[PDB]
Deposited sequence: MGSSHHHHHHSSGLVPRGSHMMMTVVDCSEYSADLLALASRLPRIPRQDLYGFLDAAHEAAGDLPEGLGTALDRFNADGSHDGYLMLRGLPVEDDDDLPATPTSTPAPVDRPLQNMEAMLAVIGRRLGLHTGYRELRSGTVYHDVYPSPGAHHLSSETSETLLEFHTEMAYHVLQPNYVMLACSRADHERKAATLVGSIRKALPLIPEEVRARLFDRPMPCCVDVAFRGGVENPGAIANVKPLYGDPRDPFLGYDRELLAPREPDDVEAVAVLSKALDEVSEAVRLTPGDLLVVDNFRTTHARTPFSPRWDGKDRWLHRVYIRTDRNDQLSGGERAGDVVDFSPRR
């Protein structure tokens, strides 16, 4: 990854805590007002952090992510026990890394929930569960394979944001990012041509099944010289042999350029969900009250037909498959 891809925020700690101190303490009681307050704070971010975010937002980067480090997370003993259920309690007090997702998220765009997913909530806790389905972010011992988040969804978000309150005990779990800007040079022009703008059948995540490959996903699309990426190692279901072979080439190229990010407390990862695919490698939970704990939100921006007018940060949208 490039120098500019990692932003050390430790010098900003007091300023960021001051911004958090004026946000509503019980965000889920009035999420729209909470995120409006966070938008006001976003305009007051430290100049260097605001600039890094704005630059990345304009047109992503070669790496496809922005990693903020050293944000003012609570000490471990000042955090509650790691959640073991979803959705979160409506009265749960705001945590510092959630405040960062609010302020840094509003600098980028509009927080978005998905009605059928995690009870239609905007803030997701990402924690291990002992019976996790293999297509669940609650997995641990089994690799969560590469996916563009909701690539099959008409209202797919520009960004996935992951903020770390607890790492896993052994700091083993790696968040993998595969950037199409790094992978594309490894893909032959002939395979690029087969992938580009070609809709292929795609299954959907369990939350959206209510059924087979009810969506169509274009693995590459947009500008052929700098394409967007829609990839899902588990759900993409090409039928034609040439399509299966083209996707296999794409899949191996993303593997070869994959970068591993190990999230630690105070880290916040912004993933460009139109140009990357992401994964999480195995770890072993201990069920001791201190298991790995991320906070996840989704951000929409005004491009790629994510928005059609009037949307607000906090909106929850219904499922429509890409066709």
### Summary
Absent from the model, numbered along the deposited sequence, are 1-19, 230-233
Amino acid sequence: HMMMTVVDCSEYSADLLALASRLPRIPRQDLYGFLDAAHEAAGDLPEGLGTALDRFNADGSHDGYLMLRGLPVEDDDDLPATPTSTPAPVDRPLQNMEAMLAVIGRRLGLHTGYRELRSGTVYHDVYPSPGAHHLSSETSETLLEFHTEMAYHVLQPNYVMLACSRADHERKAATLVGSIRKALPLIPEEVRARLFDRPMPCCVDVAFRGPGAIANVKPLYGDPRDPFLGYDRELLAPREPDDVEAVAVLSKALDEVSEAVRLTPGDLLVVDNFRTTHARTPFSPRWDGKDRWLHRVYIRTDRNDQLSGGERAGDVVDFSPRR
From here on, numbers count along this sequence of modelled residues.
#### Entry: 133-141 versus 85-93 - which carries the larger mean C-alpha B factor in the record
133-141
#### Entry: Mean C-alpha temperature factor, higher of 252-260 and 273-281
252-260
### Message
Among the choices 59, 54, 36, 267, identify the one whose CA B-factor in the record is greatest.
### Response
59
#### Entry: Residue of maximum C-alpha B factor among 128, 212, 109, 178, per deposited coordinates
212
### Query
Relative to the other modelled residues in the chain, which third contains the C-alpha temperature factor of residue 291: lowest, middle or highest?
lowest
## Note on the structure
residue 157: CA temperature factor from the record, placed by chain third, in the lowest
#### Entry: Third of the chain, ranked by Cα B-factor, where residue 102 sits
lowest
### Message
How does the C-alpha B factor of residue 79 compare with the rest of the chain: lowest, middle or highest third?
### Response
middle
### Task
Quick one: classify residue 71 as lowest, middle or highest third of the chain based on its Cα B-factor.
lowest
